[PDB]
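Presented below is the structure to which this report refers.
Counting starts at 1 for both ligands and their atoms, in listed order. When a residue number appears, it is its place in the shown sequence, counting from 1. Computed over heavy atoms, backbone and side chain alike; hydrogens, waters and symmetry mates excluded.
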Amino acid sequence: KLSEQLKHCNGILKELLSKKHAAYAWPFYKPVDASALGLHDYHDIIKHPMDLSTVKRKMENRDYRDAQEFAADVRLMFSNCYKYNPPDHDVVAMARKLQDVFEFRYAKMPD
Ligand SMILES: COc1cc(OC)c2c(=O)[nH]c(-c3cc(C)c(OCCN4CCCC4)c(C)c3)nc2c1
């Protein structure tokens, strides 16, 4: 069902949800619950929410055309966090740490 490149991507997904990175990955596991957090303007500012559970749903449903589309969704997750938050926010620090893991593994993708 999966190309060599999308298997590599599924392995990155597994890595990003693994306990090793939980200290900083956890705000990305589920969709941002704007009402529960009191972020009443989140969905006015962030037009296309993304999180690791959405990515995992897509991967399980074979919805990614290619590894580039997978990378676009993971990068959107991070970009939404940088767009909504100020630069010194604790969740932005977490996003940068998780994104370092993502980009490094993504770069080792096979030809
Ligand atoms: C638990 O998982 C997540 C995941 C997240 O993204 C992946 C976010 C995220 O993007 N932003 C925030 C967030 C941001 C701000 C500015 C904030 O403060 C509003 C009121 N403050 C007092 C008055 C001035 C501002 C609050 C409470 C939460 N929380 C998240 C939690």
Original post:
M77, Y84: one ILVMFWY side-chain cluster at the under-4.5 Å cut-off?
Top reply: no

Subject >> ring-ring contact (aromatic ring centres under 6.0 Å, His included) assessment of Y106 paired with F70 >> reply: CA-CA 10 Å; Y106 187 72; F70 170 84; 7.1 Å; no

**OP:** Any salt bridge (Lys or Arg N to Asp or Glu O under 4.0 Å) involving residues 94-108? Give me the pairs, sequence neighbours left out, ordered by first then second residue.
**Re:** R75-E103

Original post:
Any side-chain donor-acceptor pair under 3.5 Å between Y42 and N80?
Top reply: no

Where does ligand 1 get N/O contacts under 3.5 Å from the protein, atom by atom?
from     : atom 1 : to  : atom 2 : distance (Å)
ligand 1 : 10 (O) : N85 : ND2    : 2.8
ligand 1 : 11 (N) : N85 : OD1    : 2.9

Original post:
Does one side chain, of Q99 or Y82, offer a donor that lies under 3.5 Å from an acceptor on the other?
Top reply: yes

Original post:
So does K19 have more than 12 non-hydrogen atoms from other groups sitting under 6.0 Å from NZ?
Top reply: no

